[PDB]
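Beneath this line is the structure, given in structure tokens, with notes to follow.
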Amino acid sequence: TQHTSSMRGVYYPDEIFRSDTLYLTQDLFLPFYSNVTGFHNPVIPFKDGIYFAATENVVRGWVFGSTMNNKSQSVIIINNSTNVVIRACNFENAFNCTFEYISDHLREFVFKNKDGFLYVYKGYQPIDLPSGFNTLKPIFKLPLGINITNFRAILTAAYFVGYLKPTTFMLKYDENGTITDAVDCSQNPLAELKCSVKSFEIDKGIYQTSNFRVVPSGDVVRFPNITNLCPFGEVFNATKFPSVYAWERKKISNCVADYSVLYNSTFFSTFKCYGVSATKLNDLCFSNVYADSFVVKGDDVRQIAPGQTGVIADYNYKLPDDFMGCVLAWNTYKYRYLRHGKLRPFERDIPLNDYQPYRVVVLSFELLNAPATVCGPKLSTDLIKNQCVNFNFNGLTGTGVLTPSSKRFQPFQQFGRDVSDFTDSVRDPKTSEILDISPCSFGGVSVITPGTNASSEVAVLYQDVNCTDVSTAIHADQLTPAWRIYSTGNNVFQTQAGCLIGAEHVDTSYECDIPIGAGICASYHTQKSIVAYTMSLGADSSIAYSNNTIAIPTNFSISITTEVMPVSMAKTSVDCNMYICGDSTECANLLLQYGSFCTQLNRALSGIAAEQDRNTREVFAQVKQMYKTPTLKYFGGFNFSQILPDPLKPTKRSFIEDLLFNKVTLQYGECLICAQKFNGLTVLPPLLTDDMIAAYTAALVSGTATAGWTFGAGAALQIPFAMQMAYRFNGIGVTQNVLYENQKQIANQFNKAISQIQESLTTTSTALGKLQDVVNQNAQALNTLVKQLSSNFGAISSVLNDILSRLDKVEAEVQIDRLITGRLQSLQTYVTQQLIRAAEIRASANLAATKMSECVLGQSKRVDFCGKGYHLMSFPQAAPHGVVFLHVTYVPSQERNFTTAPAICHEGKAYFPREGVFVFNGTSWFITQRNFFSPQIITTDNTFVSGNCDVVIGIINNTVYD
Amino acid sequence: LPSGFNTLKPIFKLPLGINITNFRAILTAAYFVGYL
Ligand SMILES: *[C@@H]1O[C@H](CO)[C@@H](O)[C@H](O)[C@H]1NC(C)=O
Ligand SMILES: *[C@@H]1O[C@H](CO)[C@@H](O)[C@H](O)[C@H]1NC(C)=O
Ligand SMILES: *[C@@H]1O[C@H](CO)[C@@H](O)[C@H](O)[C@H]1NC(C)=O
Ligand SMILES: *[C@@H]1O[C@H](CO)[C@@H](O)[C@H](O)[C@H]1NC(C)=O
Ligand SMILES: *[C@@H]1O[C@H](CO)[C@@H](O)[C@H](O)[C@H]1NC(C)=O
Ligand SMILES: *[C@@H]1O[C@H](CO)[C@@H](O)[C@H](O)[C@H]1NC(C)=O
Ligand SMILES: *[C@@H]1O[C@H](CO)[C@@H](O)[C@H](O)[C@H]1NC(C)=O
């Protein structure tokens, strides 16, 4: 039979206490929900380890071997009802053996074998195979030295066998220190998303996780038609050589060169190759090889090198300082000594001094400026077109697809290049056909999820591909992020952003929820599913233009809206010697060589810290005098109880401010007892406490409700609230009688809007997303900075104390220099990004100060500056790191249609309205204001006369009262 | 010499190690010499 191993067989990775962490590690783990083969005693393979479990006493011991005969060592881990016995001999009597160890319900084991060690882990659990999660602890590792490719149980019969694979797990550690939960980061797209964001519960949105590749299939080698074997025998085993002043040069071409007859022997005294290595010469393909052969003294062979001095390398034989080639000499004749001037490289002169001798041969490789001729024995294969392969064209390697081309090469050219030095076309050395080279498919991978509290389904966007490509690559199992439990399905949709696998296409346009790209969104609609539509810009209407009709409102409504303004962020200092070095002194002296880094960095961070307090002072400290909150909070019917503090409570905040402070959900050292951390990171406290900001906003609300608008320009002057509201109605263009006659209705609409503001903040909707975004960005910057202290940047370890306790001084200098360089770079990145984010926060605080001046201390005429409507009055409330503005506006809401005229002609002269419009009641002509319907009779007081009535287009006849 | 733009292609490089400081033509119109 076969069963599944659901979340079983996880073990403790190492021997270190951890608590309240999530830990990402790579080891050999049994993947989640994989197959097991239950037995109800065959020889079973042992590949990279197993997972053995036995539900029933009757099973005891194992035999781990290679051949399972008397010709290979085999280990027996048996139990004689009291003693665990381990032996490693040639069993079938035993002989010739090197290990011995005797020592004094579901049982579970993991056997792993690596580096000549057999790790064994064991767990126990009291209950086919169950479905729980259980964790395994180590028992013993044994220093055996044998391969294990088979195993067999020993019975004196219900056991299951899994198989381990190299995976990545994210392990959750308790507060006590035990592993309670884990995710397999290669099982689903969602599990990869959980591992990449390092959390178990994902929010809603679109997230980028990894990148995809299309792996190669074939392999293409093309080499020229060269058959003749190559004559190094003539060049090397030759009877006579010329003198060093008259060296000879021999050209080698159209030969297949072995090169293994030079470095397989001790025949040569020296073997120095420049620009290549000896072992790599059997794959490269050169154009011609030249051999310079001569005879020279013993202690002058060192002189034959790039950049030497003397007589041989000065008047006899000079090499250039870009030499690609090999220099040979072995134990076995004049030489020039006087001439006028130096030599140019590879030039000879035909004053001579006579000469243990050595024979020297110098090989220079002509590298691929022409068709290649001289290269080693590699086989050639046919070429594969329109497919991702690995190629090798005369030593020129790579990976990509090959396509017929339309370029036209000159006969002396062998390949074609690009701007960043990529070969993008090539000539086939056999058929002389031009091929283009393209990359295989790659890009990013996005995971679209509706939160991991409403579904566990996701969709995947493969960015910027045609996805018959990724459909065929998935079905042929050829993508690098290959997920074990994942089916493409029948929902594959091509967009301009790439293509979308897992979301279905509907024809109904909705407002955008999760944006994907070029007009496409996704959402979670009706079970439910993930849909993908074209976004809708707005809800349509039609208003009919006519040349003699106007629409005038017949009522209104009061609306209170909200604005969230971030103002400041959290203030940070870092100890540069504690982050970079710690307690060490060799590190301190080594870091002293870099000038002023830490002084300059502390200066930058201090400036950011001072700027945050300046922002807060600029927004809130805008009043000269502190007005006390009134005893009675009922001004003409307007209830101010929810925006002013209550004397019957211990705190200064109001009730809405309490909601706002509960809304935002806010390591490193900081204090309030005062603790510190080993990384040298703190957070500094602000100059103005929450109580002082609450005192500011309380005095602003009190001064508004008592003096109105007059304290932003001079001293405050008291005025009853209804007369203040009548002046504000007058300022938006409505007469005061509209207030005074409908005062009760306006008070009721105010109170109801305040109650809805309260209830919508209690509802736990994320209206405060900006202040949360401030919190999140700062925390993730500091987490990246602390996590950068685990990398070693090339050193043997990332710990300075290990390097300093296990190594001498002279190499500890090298390792500490590498760690110092990497950590200076990490701190520089942190400070640069903090400066840019401080600029953002300062612009936002400047806007908030402009709004407090122009909307709390006045009445603004600017359209949509302070709410949506006609602005009346506005109120400030404090939040964590911000301010919330409660704008009160006037909305004209009902309509009627009327017939209108520009002027009316009475006797011979035309009358125009003073302030208003002429409307037709249905019976007679009245005059009314624009923003409310209040018809008045047309008199001489509210009209003016200018001209004759023959010139205005659309003038009518009506009487005008005197 | 006519005025214009013309482009030249390589024909052969020779691995001969003498130095050249003088040259001379061989005859049986005119010829012009510039310096690189
Ligand atoms: C931790 O250990 C204590 C025993 O001191 C136990 O009561 C508790 O359940 C354990 N687990 C957690 C999560 O605290
Ligand atoms: C080339 O040969 C001439 C012979 O007249 C000599 O003057 C010159 O120095 C030589 N070139 C070099 C680099 O020595
Ligand atoms: C190389 O050899 C192959 C197989 O013999 C032949 O088809 C091809 O024409 C040859 N090309 C050249 C350039 O010699
Ligand atoms: C506006 O509507 C309300 C509905 O409650 C009504 O009481 C009020 O009289 C209306 N105003 C006018 C001017 O008709
Ligand atoms: C003002 O509002 C508060 C909160 O709803 C309420 O308790 C109080 O009674 C109101 N004041 C009145 C109705 O005078
Ligand atoms: C026109 O005005 C008169 C004045 O009282 C009013 O009675 C009548 O209802 C108005 N006409 C319409 C159609 O409302
Ligand atoms: C208004 O009255 C005058 C008086 O003569 C007349 O000429 C004119 O046509 C009248 N307007 C209309 C639209 O009938």
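Within each chain, counting starts at residue 1; across the structure tokens, chains are named A, B, ... in the order shown, with ligands numbered 1 upward in that order.
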
Which residues of chain A sit at most 7 Å from ligand 1, using only C-alpha atoms and all ligand atoms? Give each one's shortest atom pair and distance in Å (one decimal place), in chain and ascending residue order, as CSV.
```
residue,atom,partner,partner_atom_place_in_ligand_line,distance
A:174,CA,ligand 1,13 (C),6.0
A:175,CA,ligand 1,13 (C),5.8
A:176,CA,ligand 1,1 (C),4.9
```

Selection: 12 Å around stretch 12-17 of chain B, only C-alpha atoms, excl. self and same-chain fewer than 2 positions, as a ChimeraX atom specification: /A:246-251,288-292,317-318,343-350,364,366,369-370,412 /B:9-10,19-20

Compute the set of protein, DNA and RNA residues whose minimum atom distance to ligand 3 is at most 12 Å, using only C-alpha atoms and all ligand atoms, and state it as a PDB file with N, CA, C and O atoms, in the first residue's frame.
```
ATOM      1  N   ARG A 222      29.877  22.237 -30.959  1.00  0.00           N
ATOM      2  CA  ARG A 222      30.311  22.359 -32.344  1.00  0.00           C
ATOM      3  C   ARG A 222      31.782  22.729 -32.384  1.00  0.00           C
ATOM      4  O   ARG A 222      32.188  23.726 -31.785  1.00  0.00           O
ATOM      5  N   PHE A 223      32.571  21.940 -33.101  1.00  0.00           N
ATOM      6  CA  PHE A 223      34.011  22.098 -33.220  1.00  0.00           C
ATOM      7  C   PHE A 223      34.377  21.929 -34.687  1.00  0.00           C
ATOM      8  O   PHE A 223      33.613  21.315 -35.439  1.00  0.00           O
ATOM      9  N   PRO A 224      35.500  22.487 -35.137  1.00  0.00           N
ATOM     10  CA  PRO A 224      35.849  22.395 -36.560  1.00  0.00           C
ATOM     11  C   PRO A 224      36.256  20.986 -36.970  1.00  0.00           C
ATOM     12  O   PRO A 224      36.468  20.094 -36.150  1.00  0.00           O
ATOM     13  N   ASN A 225      36.353  20.795 -38.287  1.00  0.00           N
ATOM     14  CA  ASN A 225      36.776  19.529 -38.891  1.00  0.00           C
ATOM     15  C   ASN A 225      38.297  19.443 -38.890  1.00  0.00           C
ATOM     16  O   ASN A 225      38.954  19.764 -39.879  1.00  0.00           O
ATOM     17  N   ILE A 226      38.870  18.986 -37.778  1.00  0.00           N
ATOM     18  CA  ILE A 226      40.313  18.833 -37.637  1.00  0.00           C
ATOM     19  C   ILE A 226      40.619  17.378 -37.314  1.00  0.00           C
ATOM     20  O   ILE A 226      40.079  16.828 -36.348  1.00  0.00           O
ATOM     21  N   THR A 227      41.495  16.758 -38.108  1.00  0.00           N
ATOM     22  CA  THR A 227      41.817  15.343 -37.956  1.00  0.00           C
ATOM     23  C   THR A 227      43.284  15.051 -37.672  1.00  0.00           C
ATOM     24  O   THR A 227      43.569  14.104 -36.936  1.00  0.00           O
ATOM     25  N   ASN A 254      46.123  23.571 -37.946  1.00  0.00           N
ATOM     26  CA  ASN A 254      45.379  22.426 -38.479  1.00  0.00           C
ATOM     27  C   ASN A 254      45.794  21.116 -37.817  1.00  0.00           C
ATOM     28  O   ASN A 254      46.099  20.119 -38.470  1.00  0.00           O
ATOM     29  N   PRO A 371      39.137  32.027 -37.926  1.00  0.00           N
ATOM     30  CA  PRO A 371      38.701  30.644 -37.707  1.00  0.00           C
ATOM     31  C   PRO A 371      39.713  29.871 -36.876  1.00  0.00           C
ATOM     32  O   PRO A 371      40.920  29.985 -37.079  1.00  0.00           O
ATOM     33  N   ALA A 372      39.212  29.093 -35.926  1.00  0.00           N
ATOM     34  CA  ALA A 372      40.092  28.338 -35.054  1.00  0.00           C
ATOM     35  C   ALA A 372      40.560  27.064 -35.738  1.00  0.00           C
ATOM     36  O   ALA A 372      39.861  26.494 -36.575  1.00  0.00           O
ATOM     37  N   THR A 373      41.776  26.633 -35.399  1.00  0.00           N
ATOM     38  CA  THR A 373      42.353  25.447 -36.024  1.00  0.00           C
ATOM     39  C   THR A 373      42.949  24.444 -35.041  1.00  0.00           C
ATOM     40  O   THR A 373      42.971  23.248 -35.325  1.00  0.00           O
ATOM     41  N   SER A 380      31.649  16.256 -31.295  1.00  0.00           N
ATOM     42  CA  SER A 380      30.693  17.218 -31.819  1.00  0.00           C
ATOM     43  C   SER A 380      29.328  16.566 -31.966  1.00  0.00           C
ATOM     44  O   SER A 380      29.232  15.395 -32.341  1.00  0.00           O
ATOM     45  N   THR A 381      28.274  17.319 -31.671  1.00  0.00           N
ATOM     46  CA  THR A 381      26.910  16.828 -31.766  1.00  0.00           C
ATOM     47  C   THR A 381      26.121  17.680 -32.750  1.00  0.00           C
ATOM     48  O   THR A 381      26.568  18.742 -33.182  1.00  0.00           O
ATOM     49  N   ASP A 382      24.934  17.202 -33.104  1.00  0.00           N
ATOM     50  CA  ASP A 382      24.024  17.986 -33.924  1.00  0.00           C
ATOM     51  C   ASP A 382      23.458  19.146 -33.115  1.00  0.00           C
ATOM     52  O   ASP A 382      23.481  19.142 -31.883  1.00  0.00           O
ATOM     53  N   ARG A 427      28.695  32.083 -35.847  1.00  0.00           N
ATOM     54  CA  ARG A 427      28.764  31.351 -37.103  1.00  0.00           C
ATOM     55  C   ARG A 427      29.086  29.893 -36.816  1.00  0.00           C
ATOM     56  O   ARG A 427      30.039  29.600 -36.091  1.00  0.00           O
ATOM     57  N   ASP A 428      28.289  28.987 -37.369  1.00  0.00           N
ATOM     58  CA  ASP A 428      28.503  27.558 -37.185  1.00  0.00           C
ATOM     59  C   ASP A 428      29.803  27.123 -37.846  1.00  0.00           C
ATOM     60  O   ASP A 428      29.969  27.332 -39.050  1.00  0.00           O
ATOM     61  N   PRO A 429      30.746  26.524 -37.115  1.00  0.00           N
ATOM     62  CA  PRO A 429      32.031  26.167 -37.734  1.00  0.00           C
ATOM     63  C   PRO A 429      31.961  25.053 -38.770  1.00  0.00           C
ATOM     64  O   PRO A 429      32.946  24.842 -39.483  1.00  0.00           O
ATOM     65  N   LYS A 430      30.848  24.329 -38.884  1.00  0.00           N
ATOM     66  CA  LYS A 430      30.738  23.290 -39.903  1.00  0.00           C
ATOM     67  C   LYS A 430      29.953  23.748 -41.129  1.00  0.00           C
ATOM     68  O   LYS A 430      30.467  23.705 -42.249  1.00  0.00           O
ATOM     69  N   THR A 431      28.711  24.184 -40.939  1.00  0.00           N
ATOM     70  CA  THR A 431      27.847  24.545 -42.056  1.00  0.00           C
ATOM     71  C   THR A 431      27.891  26.027 -42.411  1.00  0.00           C
ATOM     72  O   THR A 431      27.258  26.425 -43.394  1.00  0.00           O
ATOM     73  N   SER A 432      28.614  26.839 -41.635  1.00  0.00           N
ATOM     74  CA  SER A 432      28.785  28.277 -41.866  1.00  0.00           C
ATOM     75  C   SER A 432      27.451  29.019 -41.931  1.00  0.00           C
ATOM     76  O   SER A 432      27.276  29.953 -42.710  1.00  0.00           O
ATOM     77  N   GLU A 433      26.518  28.616 -41.082  1.00  0.00           N
ATOM     78  CA  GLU A 433      25.223  29.263 -40.946  1.00  0.00           C
ATOM     79  C   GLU A 433      25.246  30.195 -39.747  1.00  0.00           C
ATOM     80  O   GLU A 433      25.856  29.883 -38.724  1.00  0.00           O
TER      81      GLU A 433
END
```

Show which residues sit within 7 Å of residue A:905, as a short mmCIF file (atom, residue, chain, number, x, y, z; two decimals) with C-alpha atoms, in the first residue's frame. Count only C-alpha atoms, and ignore same-chain residues fewer than 5 positions away.
```cif
data_model
loop_
_atom_site.label_atom_id
_atom_site.label_comp_id
_atom_site.auth_asym_id
_atom_site.auth_seq_id
_atom_site.Cartn_x
_atom_site.Cartn_y
_atom_site.Cartn_z
CA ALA A 910 -33.24 95.72 -18.86
CA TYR A 911 -32.98 94.49 -15.27
CA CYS A 949 -33.47 95.63 -23.76
CA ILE A 955 -34.61 88.60 -22.56
CA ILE A 956 -38.24 88.28 -21.46
CA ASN A 957 -41.16 90.49 -20.40
CA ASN A 958 -42.20 90.77 -16.76
#
```

re atom CA of residue A:877 and atom CA of residue A:617: distance 15.2 Å

### Task
Could you pull out the residues sitting within 7 Å of ligand 4, using only C-alpha atoms and all ligand atoms, and write them as JSON, numbers by chain?
{"A": [554, 555, 556]}

Selected residues, N, CA, C and O atoms, written as an mmCIF file, in the first residue's frame, please.
```
data_model
loop_
_atom_site.group_PDB
_atom_site.id
_atom_site.type_symbol
_atom_site.label_atom_id
_atom_site.label_comp_id
_atom_site.auth_asym_id
_atom_site.auth_seq_id
_atom_site.Cartn_x
_atom_site.Cartn_y
_atom_site.Cartn_z
ATOM 1 N N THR A 554 -32.873 72.249 -2.950
ATOM 2 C CA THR A 554 -33.985 72.561 -2.070
ATOM 3 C C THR A 554 -33.787 72.095 -0.637
ATOM 4 O O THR A 554 -34.708 72.239 0.168
ATOM 5 N N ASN A 555 -32.624 71.547 -0.296
ATOM 6 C CA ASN A 555 -32.299 71.175 1.073
ATOM 7 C C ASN A 555 -30.788 71.016 1.163
ATOM 8 O O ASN A 555 -30.065 71.287 0.207
ATOM 9 N N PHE A 556 -30.310 70.586 2.327
ATOM 10 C CA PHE A 556 -28.886 70.366 2.525
ATOM 11 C C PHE A 556 -28.664 69.276 3.562
ATOM 12 O O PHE A 556 -29.606 68.741 4.149
#
```

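Neighbouring residues of stretch 200-207 of chain A at 8 Å or closer, counting only C-alpha atoms and skipping chain neighbours under 2 positions away, are residues 193, 194, 198, 209, 446, 447, 448, 449, 450, 451, 452, 453, 514 and 515 of chain A.
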
message = With only C-alpha atoms as the counted atoms, please give the residues lying no more than 7 Å from stretch 56-73 of chain A, apart from itself and same-chain residues fewer than 5 positions off, as a VMD selection string.
response = chain A and resid 78 to 79 88 to 92 105 to 106 146 to 156 158

Let me see the file: selected residues, N, CA, C and O atoms, as a compact mmCIF listing (two decimals), in the first residue's frame.
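Saved to part_21.txt:
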```txt
# COMPACT_ATOMS: atom_id res chain seq x y z
N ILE A 78 20.95 -3.38 17.15
CA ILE A 78 20.00 -4.38 17.60
C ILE A 78 19.62 -4.05 19.05
O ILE A 78 20.18 -3.14 19.66
N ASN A 79 18.63 -4.75 19.59
CA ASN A 79 18.19 -4.58 20.97
C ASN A 79 17.94 -5.97 21.53
O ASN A 79 17.01 -6.66 21.10
N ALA A 88 29.88 -3.28 13.73
CA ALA A 88 30.08 -3.05 12.30
C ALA A 88 31.11 -4.02 11.75
O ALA A 88 32.27 -3.66 11.60
N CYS A 89 30.67 -5.22 11.37
CA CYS A 89 31.58 -6.24 10.85
C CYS A 89 31.06 -6.80 9.52
O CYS A 89 29.98 -6.45 9.06
N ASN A 90 31.86 -7.66 8.90
CA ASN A 90 31.45 -8.36 7.69
C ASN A 90 30.57 -9.54 8.10
O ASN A 90 31.02 -10.68 8.18
N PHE A 91 29.29 -9.27 8.36
CA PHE A 91 28.37 -10.34 8.72
C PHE A 91 27.91 -11.07 7.46
O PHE A 91 28.27 -10.72 6.34
N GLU A 92 27.08 -12.10 7.63
CA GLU A 92 26.43 -12.77 6.50
C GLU A 92 24.91 -12.80 6.66
O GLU A 92 24.37 -12.96 7.75
N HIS A 105 1.39 2.21 20.95
CA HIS A 105 2.52 3.14 20.95
C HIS A 105 3.26 3.19 19.63
O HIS A 105 3.54 2.17 19.02
N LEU A 106 3.56 4.41 19.20
CA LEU A 106 4.25 4.69 17.95
C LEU A 106 5.65 5.21 18.25
O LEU A 106 5.80 6.24 18.90
N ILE A 146 31.38 3.94 6.21
CA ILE A 146 30.91 3.04 5.17
C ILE A 146 29.79 3.69 4.37
O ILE A 146 29.05 4.53 4.89
N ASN A 147 29.67 3.33 3.08
CA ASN A 147 28.44 3.64 2.36
C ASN A 147 27.27 2.81 2.85
O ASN A 147 27.44 1.67 3.30
N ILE A 148 26.09 3.40 2.83
CA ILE A 148 24.84 2.71 3.10
C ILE A 148 23.94 2.94 1.90
O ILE A 148 23.52 4.07 1.64
N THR A 149 23.66 1.88 1.14
CA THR A 149 22.75 1.97 0.02
C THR A 149 21.54 1.06 0.14
O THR A 149 20.68 1.09 -0.74
N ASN A 150 21.46 0.23 1.18
CA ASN A 150 20.33 -0.66 1.38
C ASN A 150 20.10 -0.79 2.88
O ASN A 150 20.98 -0.46 3.67
N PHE A 151 18.91 -1.23 3.26
CA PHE A 151 18.67 -1.54 4.67
C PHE A 151 17.55 -2.57 4.76
O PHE A 151 16.88 -2.87 3.78
N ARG A 152 17.39 -3.12 5.96
CA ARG A 152 16.45 -4.20 6.18
C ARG A 152 16.09 -4.23 7.66
O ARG A 152 16.97 -4.15 8.51
N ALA A 153 14.80 -4.33 7.97
CA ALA A 153 14.39 -4.41 9.36
C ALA A 153 14.60 -5.82 9.89
O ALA A 153 14.73 -6.78 9.13
N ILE A 154 14.64 -5.93 11.21
CA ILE A 154 14.83 -7.20 11.91
C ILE A 154 13.63 -7.42 12.82
O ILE A 154 13.35 -6.60 13.70
N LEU A 155 12.94 -8.53 12.62
CA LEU A 155 11.74 -8.84 13.39
C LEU A 155 11.90 -10.19 14.07
O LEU A 155 12.34 -11.16 13.45
N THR A 156 11.54 -10.24 15.35
CA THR A 156 11.50 -11.50 16.07
C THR A 156 10.14 -11.65 16.74
O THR A 156 9.44 -12.63 16.52
N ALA A 158 4.16 -3.91 10.98
CA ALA A 158 3.50 -2.72 10.43
C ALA A 158 4.48 -1.56 10.56
O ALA A 158 4.50 -0.90 11.60
```

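With distances restricted to only C-alpha atoms, A:411 is the closest residue to chain B from A:658, A:411, A:918, A:748.
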
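Here atom CA of residue A:797 is placed at a distance of 8.5 Å from atom CA of residue A:815.
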
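Note that the spacing between atom CA of residue A:517 and atom CA of residue A:496 amounts to 7.1 Å.
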